[PDB]
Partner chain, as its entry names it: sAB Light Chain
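First comes one chain, alone, set out as structure tokens in the form solved without the partner chain.
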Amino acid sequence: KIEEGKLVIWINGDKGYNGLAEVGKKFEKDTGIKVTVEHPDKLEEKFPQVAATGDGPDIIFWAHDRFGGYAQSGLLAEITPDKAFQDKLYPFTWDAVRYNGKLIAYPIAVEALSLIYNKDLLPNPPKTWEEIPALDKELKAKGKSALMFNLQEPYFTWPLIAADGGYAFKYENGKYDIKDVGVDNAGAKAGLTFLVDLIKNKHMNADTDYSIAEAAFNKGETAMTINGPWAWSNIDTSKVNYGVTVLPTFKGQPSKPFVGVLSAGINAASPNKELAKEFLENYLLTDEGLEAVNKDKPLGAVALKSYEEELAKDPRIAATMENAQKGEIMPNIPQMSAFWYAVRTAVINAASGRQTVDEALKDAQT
């Protein structure tokens, strides 16, 4: 069904697929095995649809959180890296590709939100959320604002809500306890209350979303935003003299962003599983292999320790990994779906004054 004795690789069209194809050329130069890289349209739904019929690529690249359900459906093979190879990648990235106790993909890249700041407006950005009100009053006297970021998605607001103790599901030793939910605990209430107080005191506007915040920062109107490495290209085009740093702390504790891990899974239907392992372990997950992909399209931070140490000479990448290591892996379990939609309503309701903080988080835990 899938052709034996070659490799077909699918990766999304926003990634460095030409660099990946070049790694495949090097593999062919050593082994005679042809490696074909594709970036099919509608890849997110195409892979599960085609793989469910026993067809498709040998290797699929996607964010780890979707791979949990692919493994549940029997679409991904368990991978078999030795201890020596596992030691080459950060331990938390292996946790992101663990499902039902089995490793089901190779971690490649790591992304998380960071604090992005305008160096001309704010050379020394605040280390704490608690400083933002006074900083905003200063900047508003100069026709600016301190901070604008997407308040509409819990992906952006949860890092502050998690700082003092909020969480979706308790995660200990690679397993989630879906009976242990921290959406309305004291820490979540503390963080959401600080957020709503920022709005109450006119330091943020409850309507600010992704597009409003991005325009305001790239036009030099606000001193800070919160966003991920996918947004850096637009800020480059704007020529804003920006930096990227650790998220502000809340009550002395780090903001805890969700972490996404671009990962490479092996199709359960592939008759080339050992070839795929050899390509991924010995060619792609090397300094030379990740460099080829990164030179085509930057990966951001990476799961390979050796190459991350090189990339982290860029303080933006060092900040990305620092924030990711202070954050939480995005859960790959289906129970996480209800979290996004419930907390989205809760924050909207608290920020607009339709519910109190305690009422909103109570309904969200409910």
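Residue numbers count along the first chain shown, from 1.
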In the PDB record, does 173 to 181 or 225 to 233 carry the higher mean Cα temperature factor?
173 to 181
Going by the average Cα B-factor in the PDB entry, point out whether 235 to 243 or 104 to 112 comes out higher.
235 to 243
Highest recorded C-alpha temperature factor, please, choosing from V196, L290, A71, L160.
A71
Report the option among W62, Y307, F47, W340 whose CA atom has the maximum B-factor in the deposited record.
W340
Chain-wide C-alpha B factor ranking for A168, given as lowest, middle or highest third:
highest
Entry-reported Cα temperature factor of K15, expressed as the chain third it lands in:
lowest
Using the B-factors in the PDB entry, rank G32's C-alpha atom against the chain and give the third, lowest, middle or highest.
lowest
When the deposited Cα B-factors of this chain's modelled residues are ordered and cut into thirds, is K83 in the lowest, the middle or the highest one?
highest
So where's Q325 on the chain's Cα temperature factor ranking, which third?
middle
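Below, we refer to the form solved in complex with the partner chain, which is not included among the displayed structures.
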With one rigid part turning against another between this form and the one not shown, at which of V259, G289, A276, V35 does the hinge fall?
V259
Are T320 and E172 closer or farther apart at their Cα atoms in the deposited bound form than shown, with the shift being 3 Å or more?
farther
Thinking of the 3 angstroms or more shift, are the C-alphas of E22 and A231 brought closer or pushed farther apart in the deposited bound form than in this view?
closer
